[PDB]
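Asks: Show me how the following folds:
(7 chains, ligands or ions: 8)
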Amino acid sequence: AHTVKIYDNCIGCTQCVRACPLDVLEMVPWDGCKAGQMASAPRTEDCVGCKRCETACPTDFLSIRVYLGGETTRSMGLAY
Amino acid sequence: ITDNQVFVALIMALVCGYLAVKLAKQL
Amino acid sequence: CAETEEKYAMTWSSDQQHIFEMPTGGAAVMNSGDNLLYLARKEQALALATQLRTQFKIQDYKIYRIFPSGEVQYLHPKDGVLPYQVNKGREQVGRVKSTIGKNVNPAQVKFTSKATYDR
Amino acid sequence: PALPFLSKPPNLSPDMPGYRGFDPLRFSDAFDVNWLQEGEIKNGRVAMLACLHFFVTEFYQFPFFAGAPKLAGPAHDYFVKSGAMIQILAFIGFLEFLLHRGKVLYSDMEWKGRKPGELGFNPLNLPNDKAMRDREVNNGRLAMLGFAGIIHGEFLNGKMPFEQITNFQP
Amino acid sequence: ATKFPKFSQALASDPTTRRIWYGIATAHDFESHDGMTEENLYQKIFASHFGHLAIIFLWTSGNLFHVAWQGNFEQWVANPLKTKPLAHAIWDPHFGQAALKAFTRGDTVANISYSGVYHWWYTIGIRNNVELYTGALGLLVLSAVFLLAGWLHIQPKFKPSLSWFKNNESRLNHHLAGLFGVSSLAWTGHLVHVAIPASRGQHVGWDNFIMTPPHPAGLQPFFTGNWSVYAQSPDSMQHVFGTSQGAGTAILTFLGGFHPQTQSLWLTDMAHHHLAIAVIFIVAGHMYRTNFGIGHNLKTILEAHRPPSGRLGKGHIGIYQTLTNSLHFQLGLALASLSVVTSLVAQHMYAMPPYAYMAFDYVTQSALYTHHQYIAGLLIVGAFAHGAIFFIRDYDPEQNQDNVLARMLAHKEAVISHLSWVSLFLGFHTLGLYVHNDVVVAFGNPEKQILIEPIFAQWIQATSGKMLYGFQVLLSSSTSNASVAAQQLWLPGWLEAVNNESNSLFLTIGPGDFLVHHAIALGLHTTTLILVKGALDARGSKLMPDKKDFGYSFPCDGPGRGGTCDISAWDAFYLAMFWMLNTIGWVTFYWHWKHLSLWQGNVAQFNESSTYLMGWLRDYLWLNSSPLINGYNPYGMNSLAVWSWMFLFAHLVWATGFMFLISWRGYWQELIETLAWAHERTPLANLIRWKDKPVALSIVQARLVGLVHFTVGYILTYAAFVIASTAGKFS
Amino acid sequence: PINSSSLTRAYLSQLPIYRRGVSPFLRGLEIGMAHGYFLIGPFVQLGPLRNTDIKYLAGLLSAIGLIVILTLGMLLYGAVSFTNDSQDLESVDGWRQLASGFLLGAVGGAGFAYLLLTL
Amino acid sequence: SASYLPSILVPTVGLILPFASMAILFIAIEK
Ligand code: CLA
Ligand code: CLA
Ligand code: CLA
Ligand SMILES: CC1=C(/C=C/C(C)=C/C=C/C(C)=C/C=C/C=C(C)/C=C/C=C(C)/C=C/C2=C(C)CCCC2(C)C)C(C)(C)CCC1
Ligand SMILES: CC1=C(/C=C/C(C)=C/C=C/C(C)=C/C=C/C=C(C)/C=C/C=C(C)/C=C/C2=C(C)CCCC2(C)C)C(C)(C)CCC1
Ligand code: SF4
Ligand code: SF4
Ligand code: SF4
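Replies: Numbering: from 1, shown residues only, chains lettered A, B, ... in the order given. Ligands and ions are numbered 1, 2, ... in the order given. The relevant structure is shown in the block below.
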């Protein structure tokens, strides 16, 4: 599975979750930022790894990094 | 220039083929 | 197919017979009361969730992940909450202590079964 | 068992016919000992008939087609030229539909009847599959090697098949 | 271990067809397997080295066997100018009738061996097919020896310990002495005992090589140091290679220069040559410590070279650690040094042709040079590719605390900016001058050209005695210090070979040398701009500093942050392979069009028509492909019909590469879905369902396979054109 | 949908696979009875030996030359796929009976077309 | 010069070895 790791630049502006078309990322209340939010990636078994998150990640350099890991049925995104 | 040495050649590289499959099925 | 692969069954309800667009392609009839939709893969289904939600109110919707042993799962919604909206029930996994700036060099991960960010 | 320097517990079995405990290069590993057995039997029988052709190369049974007695070299080329050597591949094919019936080399070997011997070709049937099997294989194995000893006598001697034995040496 | 990639469980879980392709292309990637640690790595590359060596000696026994058995080798020995060297025979069932008349050379229908092998085996002293059979068996035995060792050092208690592999200290005591020094010494033991007498007529086979000494008096009054007796009577002038007429009996005479008749180097010169190289390498074997303790600790040799000038960081303290623990650094130095050695080989096989009756067949000499140049460029690009693998998967800047390497990564911005500067300068000052000369020649006026005499190469040829320029310096001037200093030793036998215009040694030089050699330096500096770019920006750039985390050949970073097509350190390979084929392109087009002017004779055909680009596309590609592309006509065919076929074939390879290089994946990944829809939905074929799911090729593989068709198409096209061109103008 | 009607269903139904019950040796012998009779065709008129009196025999050796390769593909596909032992064509034993039926029926089709090129 | 040997070895390594070797490697994917 594509290991998505969300670092501590994540200021919780939720363009990652609103940008991800797979709901692998949610928002978690985390009292370390101004907004109190920091994203999480629990369901990385559904993670395609299209890196549409890292497009819309307005941190300094990429709080959310998508490491291309294993390739299962769902992570390959094949229709059949 | 003869024929028997060709048979001896394919014998020796047939044995060398047995060392090729012999090395091949261990790594 | 349905004999060996996971068919994703998006179920949702509406108020009026509108017309949405399939991820297969082409328009669909959109039964007004309540309707299911068997799909292939999850990006099609949540792409339909964005297809409906960015148009108008379509909520109380989620795919039951039909996997071929028979049972279902609950994708999208998961917690009666919208995923970018914050619920105080989601336990975070997938973080490290700092930025990339403290990730170890892969010559320290070399000949070990670790990752370059684990610390 | 048999070969003295303790090198003899391979994948083979001692109750198999033709056994005298000899696989130094451990070909019984990885090569399906039953199929190697059936290849040994079949090579022994067809080399056995082939050296029987190199035994009955005397004047008897020359029926109207050949006229080339005791050639043993390009006699093969003589009947490649004469035709009907393709035809005996057809006839042998018409045998090997019926004989093995599975006819694929390692995939799906027809092991049903305890012995590499097909359909029970035995119209006389005075012995069954007894230890006669044990004395078949040697009568194939010697029928293999000296068969080579005939054809190599055609290769570099090239003189005659039978005319080495009396007082004829190079 | 479960399925396929019996080595990686990250690919055995993949249901697609990627498990096959990545199962193949990561098979030899021993540093990234399931649980293969260091001892389990060196104990596998050490066995696979033996499997590799046995493949090499199986191959050379292949050449020995086909020349032994299907070639015309001793008939070629009878007339090495006249008869063409035959390769292995043909068995096509596709040659219907008219093809076979275009290949019969005697009873054989064989190919013509355009690989220079009969020349080298003819200077070795092989004058029979029998020695070729005994040699071919002599290398089947040797390949069985090497397969025995690789099978033998993967047997468990004979797998050597890693402290033996980390005896980095003493391999150089044994390679430089045993592998290089002794064997070259042993090669003089061939040349003194075989090539000198079987060149001077004496058939010294394996019988009398202990009863016939190569000098008529030898080694009982010759430990006394009367060594001028071994260079007493040279083979002066009136000799044909192979007989005993007009030849002396000295062994190690250093005349210098060529034969008068065969235009090759003297075998006395090679016997003395490998003897001196042998002695100097055996002296170099006594360099480092061992269990004895008389030598050099390598830590004391890289630690001591820290300059007190202080400019060069905290010295090389840290380099010896990152050669023992590393491998891609050691393989990068290996491919660097082997690659410069190959280019040196290529630049000397034509210039100083070593083999008798080479530079007389003008095709084998044209294939050996091009062969070792494309192999030269491949091994440089290997040295930089493993350079980038060293900087990603093998580099530790904490053991390299402000080291020379960390200093290199510090000023890599200045390195890449200045490589890009010199590459830009040469690219506006070759292409500027070729488009200037080509516009100006095109406008009815070859005179208004810019031709710059390359005076630096002309002056360097004047330093080596080429008197055809009028500089009169160290060797061209016959009264200088070096001219008197070797006046008896090797000069007058050598300046005859320099001042001659028949041989391919120190060629006459026009401004085509200028403009082309600037084009070559453009190729070297572009290709090192790429390779040094994605070898120094291999680890982290200001686009993405995460690059060291992703390994070597990761595909991309997606469209994020502007778009990230080919950011990896594998791109520098992927692009500098095009520049490799291009640069070695211009090297071998230039060499080959220089020697199609020498060998034809019209050097003015080059020097008047090579200073502009339609000189190349006219006078070289359009004209010398004429006996190629007439390889088969609607009137018939000839022996070149293979190459003229292969030529066309290779274009079909080359442009198929573009299908993978230009047009990337997501086209095909949504087209395979149409093919799998159509296969699933149809009757009579939905029974036959796949097991591995059909998936278009991933975008590292796709760029790689497009690169592979670019190479195979390129190299097969040019191997078709070298051989069909020179074999069409000659033979 | 369309091209799934009852004429399509009835015609595909009585094919030499989708029909109800045949021994897989004969079920393959019908397949090879079609294909082996077929493949003599584009080797007699267009093959390499189409000008001697081996117009017809090269059809046999070439066509059976394809047939043993095609049965080799049959045995590969039943070797890799169809791991179960449900005794039909989705098994190993039923598939190798389908392949042996294709071999004997296909060579029978080749010799049948060869002897029917006598007239 | 055993001239008949390419008529044996060139087919049995040219075509039937990349038939049975396709079988050995491709079944060897699943072994
Ligand atoms: C004297 C002892 C000795 C000798 C002869 C060797 C020899 C070898 N070792 Mg070795 N080794 C030794 C001691 C020795 N070792 C010791 C003591 C250790 C432990 C400290 C090791 C540890 C060791 C390791 C760990 C490895 C080797 C390997 C090798 C092989 C190198 C690959 C090769 O063939 O390149 C041959 C190269 C040449 C002949 C020269 C190439 C470059 C020259 C300049 C160009 C050629 C010259 C000329 C111009 C061209 C002639 C061609 C002709 C057509 C004209 C080679 C066979 C490697 C291998 O492959 O495993 C087998 C390997 O991985 N060794
Ligand atoms: C002795 C020299 C040597 C050695 C040991 C290595 C060793 C290695 N290289 Mg390598 N390399 C070398 C030379 C060498 N290289 C050279 C000279 C180049 C420049 C051309 C490269 C370029 C290179 C790249 C770009 C990469 C490596 C990688 C690797 C590692 C894994 C290789 C692997 O799994 O391939 C598996 C085996 C194959 C893929 C088979 C090769 C088939 C190639 C791709 C095409 C050949 C097909 C052929 C032309 C078709 C024939 C048809 C006919 C018409 C011509 C391994 C440590 C990889 C790595 O470390 O990254 C993780 C990597 O990405 N190397
Ligand atoms: C015809 C093919 C061609 C040409 C000319 C070039 C040229 C160049 N490549 Mg290149 N390249 C090519 C194919 C080509 N490539 C291919 C197929 C690949 C594989 C994808 C690459 C991969 C590649 C890499 C990876 C790199 C280059 C780089 C460079 C530049 C090298 C520095 C230099 O020489 O600058 C001199 C400049 C020129 C030769 C440009 C031509 C001069 C023009 C035509 C004149 C200006 C315009 C003119 C007035 C016309 C006006 C147009 C009109 C509409 C108004 C140079 C621009 C490198 C770079 O950026 O270097 C700094 C670099 O890193 N190339
Ligand atoms: C990336 C990388 C790398 C790289 C690679 C390579 C590729 C390199 C380069 C290098 C090279 C590729 C080499 C070259 C060298 C140089 C030289 C070497 C030059 C010089 C010259 C000279 C020296 C000459 C001169 C002379 C003459 C002319 C005569 C007289 C004398 C003399 C000799 C002086 C490495 C591994 C390192 C590291 C890691 C990373
Ligand atoms: C164009 C067209 C079409 C098509 C065609 C077809 C369909 C054909 C085919 C045909 C075929 C394809 C045929 C087949 C034939 C066969 C048969 C009818 C049978 C016979 C029999 C057999 C073959 C036998 C064999 C054998 C032998 C000989 C010996 C022994 C063994 C066996 C028994 C096996 C249709 C009609 C649709 C429609 C219209 C148009
Ligand atoms: S990381 Fe970038 S994207 Fe993910 S939440 Fe914080 S800000 Fe929004
Ligand atoms: S990885 Fe691809 S899918 Fe998973 S979140 Fe980042 S972008 Fe959306
Ligand atoms: S194209 Fe595909 S690969 Fe190239 S950059 Fe855009 S996303 Fe990354």
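
Asks: Alongside chain E, which residues does chain C contribute?
Replies: Residues of chain C found near chain E (C-beta under 8 Å from any C-beta of the partner chain) are C:1, C:100, C:103, C:105-108, C:110-111, C:113, C:116-117. Using the backbone N, CA and C atoms, a C-beta is placed for each residue, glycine as well.

Asks: One more pass at 6 Å, please.
Replies: C:100, C:105-107, C:111, C:116 (C-beta under 6 Å from any C-beta of the partner chain).

Asks: and of the residues you listed, the nearest to residue D:119?
Replies: Nearest to residue D:119 out of these is residue C:111 (C-beta to C-beta; 60.1 Å).

Asks: so that closest one sits right up against residue E:37, yeah?
Replies: Yes - Residue C:111 is within contact range of residue E:37, at 5.3 Å (criterion: C-beta atoms under 6 Å).

Asks: Can you report how many residues lie near residue E:583?
Replies: Residue E:583: 23 surrounding residues under other C-beta atoms under 10 Å in any protein chain shown.

Asks: ok, and the closest non-adjacent residue to it?
Replies: residue E:523 (2.9 Å; C-beta to C-beta, 6 or more residues apart in numbering or on different chains).

Asks: Same question for residue E:194.
Replies: Residue E:194 sits nearest to residue E:125 (C-beta to C-beta, 6+ apart), 4.0 Å away.

Asks: Please apply the same query to residue E:452.
Replies: residue E:514 (5.0 Å).

Asks: what about the helix or strand harbouring the one you found, near ligand 4?
Replies: If you go by DSSP states H and E, residue E:514 is part of helix E:511-536. Yes - applying C-beta under 6 Å from any ligand atom, one finds helix E:511-536 touching ligand 4 at residue E:535.

Asks: Could you measure from residue E:575 over to ligand 3?
Replies: 4 Å (C-beta to the nearest ligand atom, to the nearest Å).

Asks: contacting residues around that residue?
Replies: Residues in contact with residue E:575 (C-beta atoms under 6 Å, 6 or more residues apart in numbering or on different chains) are residue E:530.

Asks: what's the helix or strand for the residue of chain G at minimum distance from ligand 5?
Replies: The nearest approach of chain G to ligand 5 comes at residue G:19, 24.1 Å away (C-beta to the nearest ligand atom). Taking DSSP H and E as the criterion, residue G:19 maps to helix G:17-27.

Asks: Residue E:580 now?
Replies: Going by DSSP H and E, residue E:580 is part of helix E:570-598.

Asks: Please list the outside residues in contact with stretch F:30-42.
Replies: Residues contacting stretch F:30-42 (C-beta under 6 Å, 6+ apart): F:16, F:59, F:63, F:66, F:102, F:105-106, F:109-110, F:112-113.

Asks: in the sheet, who's paired with residue E:16?
Replies: residue E:693 (DSSP bridges).

Asks: What number of residues are in the vicinity of it?
Replies: Neighbours around residue E:16, by other C-beta under 10 Å: 21.

Asks: Pretty sure it sits against residue E:696.
Replies: No - assessed by C-beta under 6 Å, residue E:16 is found out of contact with residue E:696, at 9.5 Å.

Asks: burial of residue E:178, as a residue count?
Replies: 13.

Asks: and what of residue G:13?
Replies: 11.

Asks: List the contacts of it.
Replies: Contacts of residue G:13 (C-beta under 6 Å, 6+ apart): none.

Asks: What's the separation between it and ligand 6?
Replies: For residue G:13, the distance to ligand 6 - C-beta to the nearest ligand atom - is 59 Å.

Asks: Now find how far off-centre whichever helix or strand that residue is part of is within its chain.
Replies: Assigned by DSSP H and E, residue G:13 belongs to helix G:6-14. A distance of 8 Å separates the centroid of the chain from that of helix G:6-14, by C-alpha atoms, centre = their mean, to the nearest Å.

Asks: which parts of it are buried?
Replies: residue G:6 (16 or more other C-beta atoms under 10 Å in any protein chain shown).

Asks: Could you give the number of residues near the residue of chain G closest to ligand 5?
Replies: Applying other C-beta under 10 Å, I find that residue G:19 has 13 neighbouring residues.

Asks: which ones are touching residue 12?
Replies: Just going to use chain A. Counting by C-beta under 6 Å, 6+ apart, residue A:12 has contacts A:33, A:35, A:37-38.

Asks: um, chain F though
Replies: E:683, F:18.

Asks: returning to what we had before: quick check: the farthest pair among the contacts of residue A:12?
Replies: Using C-beta to C-beta, the contacts of residue A:12 span at most 8.7 Å, a distance reached by A:35 and A:38.

Asks: Which one of the two is surrounded by more residues?
Replies: residue A:38 (23 against 14).

Asks: Distance of that one relative to residue A:52?
Replies: 19 Å (C-beta to C-beta, to the nearest Å).

Asks: now do residue E:490
Replies: For residue E:490 relative to residue A:52 (C-beta to C-beta), the value is 72 Å.

Asks: Quick check: phi and psi at residue E:84.
Replies: The phi and psi values for residue E:84, taken as degrees, to the nearest 10, are phi -80, psi 140.

Asks: Spit out the contact partners of it.
Replies: Per C-beta under 6 Å, 6+ apart, neighbours of residue E:84: residue E:112.

Asks: For burial, what's the neighbour tally of the closest residue to chain A within the stretch 351-500 of chain E?
Replies: Taking C-beta to the nearest C-beta, chain A has its nearest neighbour within the stretch 351-500 of chain E at residue E:392, 14.6 Å off. Residues near residue E:392, counting by other C-beta under 10 Å, number 27.

Asks: now swap in the one 4 residues further on and tell me
Replies: For residue E:396, the number of neighbouring residues by other C-beta under 10 Å comes to 20.

Asks: how close does the nearest residue to it once chain neighbours are set aside get to residue E:286?
Replies: Leaving out its chain neighbours, the residue that sits closest to residue E:396 by C-beta to C-beta, 6+ apart is residue C:107, at 4.2 Å. Look at residue C:107 and residue E:286: by C-beta to C-beta, they are 34 Å apart.

Asks: higher neighbour count, these two?
Replies: residue C:107 (23 against 13).

Asks: name the element the more buried one belongs to?
Replies: Assigned by DSSP H and E, residue C:107 falls in helix C:106-109.

Asks: buried stuff in that helix?
Replies: C:106-107, C:109.

Asks: from these, which is closest to chain E?
Replies: Closest to chain E, out of all of the buried residues of helix C:106-109 and judged by C-beta to the nearest C-beta, is residue C:107, at 4.2 Å.

Asks: Does that closest one touch residue E:397 like I think?
Replies: No - in this structure, residue C:107 is not within contact of residue E:397 by C-beta under 6 Å, at 8.7 Å.
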